[PDB]
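Chains as they are written, first to last, in my numbering: chain D, 1 to 196; chain R, 1001 to 1242; chain V, 2001 to 2246; chain L, 3001 to 3250; chain S, 4001 to 4204; chain B, 5001 to 5247; chain X, 6001 to 6015; chain P, 7001 to 7224; chain A, 8001 to 8208.
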């Protein structure tokens, strides 16, 4: 509905709006949309939900043994697992998602996946039925090689830019972080960006 | 000679399959089982080998069995291979009734259930059943009936048989005192005499035995799979003056 | 022939916890030509005695190396076809490691998809094991590698390998080098230093002429792929070798 | 000398007998002693634990095991042919009977669904049978308490008071020297451990022994107080200390 | 057309003081026609009874398959069937066919021979076990009978006092239904005896 | 007389044939394979930290000793060490590593070493029923630091027997070791061992497989594992240099 | 009233 | 068919209406929506009840085995990740929409499920025809660090809204509550707010009224 | 099927010493224009290219195996760098008979495949195939609106079989680049970007 991801100098970031919808009813307004697929790999579930849960929960199985048999994985390997479930079974389901990861050697990486199934390289990525309202308000504010403080609000000013003018599906906002050191879930609340 | 004994499809030069005949001595180890055909109701009977004291030999019938309200069986042979083909028989009789809505005749399943015991003396690395039976039935076409099925697949209809151990005498004793009328209560008093006089022990208790009876004897005609309990063979048993 | 009963089949165990049909296959490798592989500071170089039975055989096109997808090689010493049956499984699964993961298959994960396969033959009964002992290595993200494959299913990581009938010899000249040069040979002296060996390892078969073959993989001289040799490189390496031993 | 009608199963010998079954029943008689006898208001199931080394925790593996709340077991003989059996026995309650009758089964229809799991492995070469035995023991509400044996052949002799293993006939000699018709459970329980003091060597404490009972419902084991009719289990394994006092009462 | 709305049959069950009562109708035919005055829509297996509605094939075909079974469960366990298992069996013996199903409104009725208790239940076509205690129905005319049976059945009833409130509940409804009602039949049940009565109503 | 009628009259080449003694012999001949390396491991408990040690021999110089290892990190919180030939250790290692997984895909958490020794041992039975496969000539040890049970060791043999020891060793040389910690436990009557740190508990277990083993050990001839909550891993070489200085 | 959406570590399982 | 679930400080709780429907018409005054998969655990399905009860009494069998095979108590999450995988095979023909909540050694839990497999978590939920109203009540009363006996009321009065402020609901209330280190309390008919009072007379009939054509006895006789 | 992320047109032409083909760099989602970093040209060897249109999900699926096809050529043929390598006719039939056996299965690939390159003798090669598997050839080709707009144009440069060696490279590149202008001038989904491929039977190959 409204998710995105961005890279920077010392790592990368994911984010999302904790809201769902069936018809036009607020069903669950505190939902997370980020997946511990591996220690430093995550995703963003855009599209349906019955599909992305099972899809993501599979990918642990192939990345939990590839962890064991053959070594620690790479991020390029992930989307070339997601892609093979979404292309080969495209005409039943509805999912379009994002990934993120990090190596100490190769810095932060972010790929994207549409519905039909096609990986792409991107520094900035967006997805959501209600997140086409941002392609202008980011392509100009955005650059590379910035830092934590500069990109956190960058997200923050975007999602409210979505939800304020005609987002039609979003709630609170939350985000995470994937540096070389560690990770930490963040949380930002309505009263912050609503008055903003 | 070059020993032709190792599969049941080998055909010794004299034409005889050895490994079938062996089954027909795997039956002598069994426990005797008798049935006499009356004029107004068949009787069956039995006898057990193991009769130690501390095991419930009261309710557990191990030989006598039913197939439906018309038909009964008395086994003589291996016991692992009785459940296999007495559930199958039940499952055959119902699946005849279920799709012709009338009761099973005897000459069908005995014909069937014996061809099953021939489907294993012919093909595969399979074994033939060590089993025999004594059927006891009723049906419109012939009424009272008695039948028998070897571990080969060959069956024959009779008037009075013993299977299992010591049938040699138990036929001999039988065939020289079986009258041809033999009211039902006069049949039981024959069957015990055979087992009384053929066995190995001398006690012939109430626990070692079970003998049941088929009966048309009711008014408003119908069939009655009368099985006897320990308490009334004793009446049968004191009455003879063993 | 300790057990006349426990050899007619596979999938058995002797009283001494052994299965001997593996212990007889290994005696089919010994009746095979010599083959080696040296580990280097950047990559690897392979080699082999390629015997010639007649004068009539065409040179340099009855090759014996089999090249897997561009970054690992495999050389045999033993019964060739059971070998060529084996790469022709290693040349297909690695694809099935690519089309799921998109990376070229690493070397270890290529082994366990062989070293686990071979072990399957030595536990059923309706089959025969392999009469090979193939060497294989290459290059990946995390350096070079080099391994030995052995019909028991075992594989171990070697700086130097040699099989065939020239085992006891080339297991010396590969012990010398790893004492002189702990610092890692470069990929333009090991090669000629390999030719020295196969001309020394021939002398179990001083009867018959032969032909020499080489194949080599290292990042600097090749950019990280597998490749044969040609030209002055091997010709000098020939000229290097039979010189020193005369 | 050999017999050449014993290396295989589907072959009859002139005495009309089969080969390997006769030896499996010897694989158990070489095994440890286990038993279970009966009473008027319950059933007991006992055996010991000949712990191989001192360092093997003799608690991480149970000779006895639950099949349904009302039904429990114990073997005598080989082990791995037990925990591979029960894992496909208790299922068959949950597969063949339960889901199409709502409720857990009787005690003998369970046995029929064990003994053909025992007889599937004695009808085709390429299968050793289960070199074990069993003493299934339980309860239901039209025929009552019960006890049952299950051999590897697929036959299930019933019983009242019995034991198996090497120390069998010494015990069976002893039961009817002590067994009755009207016996009660807590009377039938110290019998079934002083039966086991003879067929033993060394230590005879709770950490070298384990047994069971059957009785009236044990709803404290149930977990979901609030229903009037779902009276809970009927099977409980006696802890160490609950045994380790009775011996000093003896 | 629906399968359930073709032939036409109505059944009733009702609890009472150590007695129950079950009944059914006898009309049968195509759409907008009737052929037989005489089709006993109700059956019995052991002491346990059963009644069926809806499509006649899946009446006649459910009789047999349940009759294929209880004559095994008697032979196999040496004991008749009692209801509270039977009521579960009909669920899972229908829920196997969740797709390409049968088209039935069943019922059930009987006493539990241990506690002398009465028992009834109803179902749907994929096995939802309704365990009402007062009564339960099924057929084309359910909506025309949950009203004129509710107001008439007290608790703790006596057999003949319970009899005549079935029939009038059964007659005043079937006489209004569009696809039913050429003669009826009823069973009153006690712990150890049973009797069959028919009833009188219209004809064509 | 023991195996004389065995070695002559069959009974030693089919798995699924009993002897009139009751003994089947093939699986009883598998165990001779376990000792075909002359190798001897060890395992012990902790307050929360578990350890397992193994030799790592000194063959001809040409090997690359980074890869020679009989310690296989299976999943997280789990590990194992084998006793037997390498190839017949992998096929057990890999049949597992793809078994802890699907559990976590099908039940929502990671298996313990309880089930993982009951599952893999529920298989080696089967392969001694059927003729699918010669029983793997191994005897393998497991380790873990569980949430509900604490430390835990388990063990599995080609028949299917499995018990969770308190401490144990294996190989050709069990009697020498096993006594040199059986006697240790009857001193203190602690199933576990003290010395909270996974560090300090290693040096306990080293020195007991020195005095009772039969020689002195360097850093290279060994390879050692360890289990701690959230992890399983292997180790460095200094832990002995910080032993003999103290002594 | 949206201050309690922090103790939701995931969508059913993870931690 | 308004149900509800809510967590509190050291336990959880659930409740459910007891109105049946073969459409608009009722077919059962009361029916235990609550169902069991294991002793501590409990679940309630609103939708096609026949597809509700399979999964309960099924999964309660595929997991009871797991507990014994594992020699360990279950976990509720295991009761989720298997049915979540079960329904997704069928992709929605199943008429199921469930909650599930209980207790495990690692803590307490609540979870919600939909048909396609879209499961989600939260300290409070409400489903059925009255998922709307019943959610709003507890929104107007739910607090952090609630306590047990404050939830029996918050959860009961909520679905009382699912009765009066909804059509397809009905009479009674059934409740089940858990708590750590303690058994699972099951409150059946926790409150009967309405009662079927008495119509002003008995509309029965006396003997000798109908017209019985014939009559005959039935036998259930046996082997004699 | 029915696609989402559909590409757009490409262009080709043959000339005296070789051929020219080129595309644009774009990924759509509808009217929107999401991606503009992709390519459309997957080289194979040093004589051959393939342009692609249609669903970009499948264009990734083509490049995955062509790189493997050449790879499995190199297996056991040391000669196969020089003459026993992949000329285009060794390829295109693989991308043709795949498709007919993927159409009749009824789950096709909605790409539209163009192939350009040179044999080993030195002669021109060019061919084309859409999802249904149909094939043809002529000295200049395009896809989508490129064939409804720019094919008539370039045939003014190259009418028919005669005037092919009446032509050179400098004149050739200076035609399609003016057709590039058209599509960025009028075509709905085009983009200003570009990606060129020339081939020469003597000098070989180059790229954007």
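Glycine included, each C-beta is placed from N, C-alpha and C at the ideal position.
Subject >> Residue burial classification, residue 1074/R (beta-carbon count within 10 angstroms, cutoff 16) >> reply: Buried, since its Cβ has 16 or more Cβ neighbours within 10 Å.
Subject >> Neighbourhood of residue 8016/A by C-beta distance below 7 Å, restricted to the same chain and skipping five residues each side >> reply: Excluding its 5 nearest sequence neighbours in each direction, residue 8016/A has C-beta neighbours in its own chain below 7 Å: 8164, 8165, 8167, 8168, listed in chain order.
**OP:** Give me whichever residues DSSP pairs with residue 7034/P in a beta bridge.
**Re:** 7044/P.
**OP:** Buried or exposed for residue 2062/V, please, with buried defined as at least 16 other CB atoms from any protein chain shown within 10 angstroms of its CB.
**Re:** Residue 2062/V comes out exposed.
**OP:** Compare the Cα-Cα distances from residue 7070/P to each of 5150/B, 5137/B, 5013/B, 5111/B and report the closest residue.
**Re:** The shortest Cα separation from residue 7070/P among 5150/B, 5137/B, 5013/B, 5111/B belongs to 5111/B.
**OP:** Would you mind reading off the limits of the alpha helix (DSSP H) that contains residue 4172/S?
**Re:** Where residue 4172/S is concerned, the enclosing alpha helix (DSSP H) starts and stops at 4159–4174.
Original post:
Name the chain V residues whose beta carbon is nearer than 7 Å to that of residue 5036/B?
Top reply: The answer, in chain order, is 2017.
Original post:
Hey, is residue 8168/A's beta-carbon within less than 8 Å of any beta-carbon in chain V?
Top reply: False, the Cβ-Cβ gap to chain V never drops below 8 Å.
Subject >> Beta-ladder partner(s) of residue 1149/R, from DSSP >> reply: Bridge partners of residue 1149/R according to DSSP: 1133/R, 1155/R.
Original post:
When Cβ atoms are compared, which residues of the segment 3225–3247 of chain L fall closer than 7 Å to chain P?
Top reply: Residues 3225, 3226, 3227.
Subject >> Among 5009/B, 5046/B, 5041/B, the one whose alpha carbon lies nearest that of residue 5056/B >> reply: For the residues 5009/B, 5046/B, 5041/B, the minimum Cα distance to residue 5056/B belongs to 5041/B.
**OP:** Determine contact between the segment 3046–3054 of chain L and the segment 5071–5084 of chain B, defined as no fewer than three beta-carbon pairs at a distance below 8 Å.
**Re:** By the Cβ rule, the segment 3046–3054 of chain L does not count as touching the segment 5071–5084 of chain B, because fewer than three pairs are nearer than 8 Å.
Original post:
Does the separation of the CB atoms of residue 2033/V and residue 2162/V fall below 8 Å?
Top reply: No.
Subject >> Alpha-carbon to alpha-carbon, residue 2197/V and residue 2234/V >> reply: One alpha carbon belongs to residue 2234/V, the other to residue 2197/V, and they sit about 14 Å apart.
Original post:
Are the segment 121–136 of chain D and the segment 165–173 of chain D touching by the rule of at least three beta carbon pairs closer than 8 Å?
Top reply: These segments touch.
Subject >> Residues, ordered as in the chain, of the segment 1019–1031 of chain R that lie near chain L by beta-carbon distance below 8 Å >> reply: Hits within the stretch, in order: 1019, 1022, 1023, 1024, 1025, 1026, 1027, 1028, 1029.
Original post:
Within 10 angstroms of its Cβ, does residue 1119/R collect 16 or more other Cβ (buried), or is it exposed?
Top reply: By the 10 Å Cβ count, residue 1119/R comes out exposed.
Subject >> Short CB-CB distance (under 8 Å) between residue 5182/B and chain F >> reply: The structure shown contains no chain F; the protein chains it does contain are D, R, V, L, S, B, X, P and A.
Original post:
Could you check where the beta strand (DSSP E) with residue 2244/V kicks off and where it finishes?
Top reply: Counting along the chain, no beta strand (DSSP E) covers residue 2244/V; the unbroken alpha helix (DSSP H) around it starts and ends at 2232–2244.
Original post:
Are the CB atoms of residue 56/D and residue 35/D nearer to each other than 8 Å?
Top reply: For residue 56/D and residue 35/D, yes; Cβs fall inside 8 Å.
**OP:** With distances taken Cα to Cα, identify the nearest neighbour of residue 7062/P among 3093/L, 3073/L, 3153/L.
**Re:** For residue 7062/P, the nearest C-alpha among the options comes from 3093/L.
Original post:
Mapping DSSP to helix, strand and coil, what is residue 188/D?
Top reply: Residue state, collapsed to three classes: strand.
Subject >> Contacting positions in the segment 3168–3181 of chain L - beta carbon closer than 9 Å to chain R >> reply: Per Cβ criterion, the list reads 3172, 3175, 3176, 3179.
Original post:
In chain L, what lies closer than 7 Å to residue 5164/B by C-beta?
Top reply: Residues of chain L with a Cβ closer than 7 Å to the Cβ of residue 5164/B are, in chain order, 3057, 3060.
Original post:
With a cut-off of 8 Å, does the C-beta of residue 4167/S fall near any C-beta of chain P?
Top reply: Using a Cβ-Cβ cut-off of 8 Å, residue 4167/S counts as an interface residue toward chain P, since at least one Cβ of chain P sits closer than that to its own.
Original post:
By the criterion of Cβ-Cβ separation under 8 Å, what are the contact partners of residue 8005/A in chain D?
Top reply: Residues of chain D whose Cβ lies closer than 8 Å to the Cβ of residue 8005/A are, in chain order, 114, 116, 118.
**OP:** Would you grab the beta carbon distance between residue 1217/R and residue 1041/R for me? Rounded to a whole angstrom, and I think it's under 8 Å.
**Re:** Contact between residue 1217/R and residue 1041/R holds, with the beta-carbon distance rounding to 6 Å and staying under 8 Å.
Original post:
DSSP on residue 3094/L, reduced to helix/strand/coil?
Top reply: DSSP places residue 3094/L within a helical segment (H, G or I) once states are collapsed to three.
Original post:
Can we say the segment 2128–2137 of chain V touches the segment 2068–2086 of chain V, given the rule of at least three CB pairs closer than 8 Å?
Top reply: Touching, yes.
Original post:
Does at least one heavy atom of the ligand ZN sit under 7 Å from the Cβ of residue 7210/P?
Top reply: Of ligands this structure carries none, so the ligand ZN is not represented either.
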